[PDB]
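In order, the protein sequences belong to chains B and A. Plus 1307 on top of the position in the first sequence (first one is 1) and you've got the deposited numbering. Plus 1307 on top of the position in the second sequence (first one is 1) and you've got the deposited numbering. Notes for the one structure printed next.
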Amino acid sequence: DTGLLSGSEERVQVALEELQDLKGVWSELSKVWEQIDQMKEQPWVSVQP
Amino acid sequence: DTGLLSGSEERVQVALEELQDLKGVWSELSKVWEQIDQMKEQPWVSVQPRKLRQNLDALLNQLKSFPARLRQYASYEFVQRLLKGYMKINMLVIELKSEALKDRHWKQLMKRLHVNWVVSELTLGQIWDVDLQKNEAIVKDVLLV
């Protein structure tokens, strides 16, 4: 037994929290990307602004 | 004792079953005419005549999936004859994407069709409103020129 590396534990904690944050971010960005891709698949010449 | 007319409630439950059947029929018809609305309001920016034929056959086959009681209703005959009568967009609408479309060609067609137009949003929702099988003669003259 010895002094456990609390730096490793806090690194794991911050990795987990930033991972969940970025997972939500990527979900939102994927939704934005798919909607804008569906918008741009059509020429949009005669569709009102 | 008060012997009541049970035939009243038998008719009630028969009408309830018919009501549920009609509710299903009209839910399917609501889906059908919602698809009709999307293929209507489309300003003809990406749709092709082959896509119109695909939509026609898709609507026909999903309609023909009605069961016996749902297929024999008058509304089924109405929608089926409507689809058969419109079984027509691909035939005439090959004029807009052609090079023959221009400002005065739009003007002469707009005089022939007698409706008013806005150039910015060229929506087929009003193009089809002037039914093509009804005014085929004038548009063909607009075509032929």
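Don't be surprised by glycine CBs; every beta carbon is placed ideally from N, CA and C.
Would you say the segment 1352-1361 of chain A touches the segment 1390-1397 of chain A, given that touching needs at least three Cβ pairs under 8 Å?
-> yes
To the nearest angstrom, report how far apart residue 1377 of chain A and residue 1436 of chain A are at their CA atoms.
-> 29 Å
Residues of the segment 1342-1367 of chain A with a CB closer than 8 Å to any CB of chain B: list them in chain order, please.
-> 1350, 1351, 1352, 1353
With 16 other CB atoms within 10 Å as the buried threshold, where does residue 1401 of chain A fall?
-> exposed
Anything in the segment 1403-1430 of chain A with a Cβ closer than 8 Å to a Cβ of chain B? List those residues in chain order, please.
-> 1427, 1428, 1429, 1430
Provide the residue span of the alpha helix (DSSP H) that contains residue 1329 of chain B, from first to last.
-> 1313-1348
With a cut-off of 8 Å on the beta carbons, I'd call residue 1339 of chain A and residue 1311 of chain A a contact; round off their distance for me.
-> With 8 Å as the limit, residue 1339 of chain A and residue 1311 of chain A do not qualify as a contact, their Cβ atoms being about 42 Å apart.
Can you list, in chain order, the residues of its chain whose CB lies under 7 Å from that of residue 1328 of chain A, leaving out five sequence neighbours each side?
-> 1376, 1377
Close-in-space but distant-in-sequence residues of the same chain around residue 1347 of chain A (CB under 8 Å, 5 per side omitted) | 1431, 1432, 1435
Cβ neighbours of residue 1285 of chain A in the same chain (closer than 7 Å, five flanking residues each side left out) | A question about residue 1285 of chain A goes unanswered here, because the residues of chain A that appear run from 1308 up to 1452.
Leaving out five residues on either side along the sequence, give the residues of the same chain with a beta carbon under 6 Å from the beta carbon of residue 1379 of chain A.
-> none
Return the residue from the list A:1392, A:1429, A:1322 that minimises the CA-CA distance to residue 1438 of chain A.
-> A:1392
Please classify residue 1385 of chain A: does DSSP put it in a helix, a strand, or coil?
-> helix
Would residue 1349 of chain A be called buried (16 or more neighbouring beta carbons within 10 Å of its own) or exposed?
-> buried
Inspect the beta-carbon positions of residue 1342 of chain A and residue 1366 of chain A and report whether they are closer than 8 Å.
-> yes
Residue 1326 of chain A, buried or exposed, once every other Cβ within 10 Å from all chains shown has been counted against 16 = exposed
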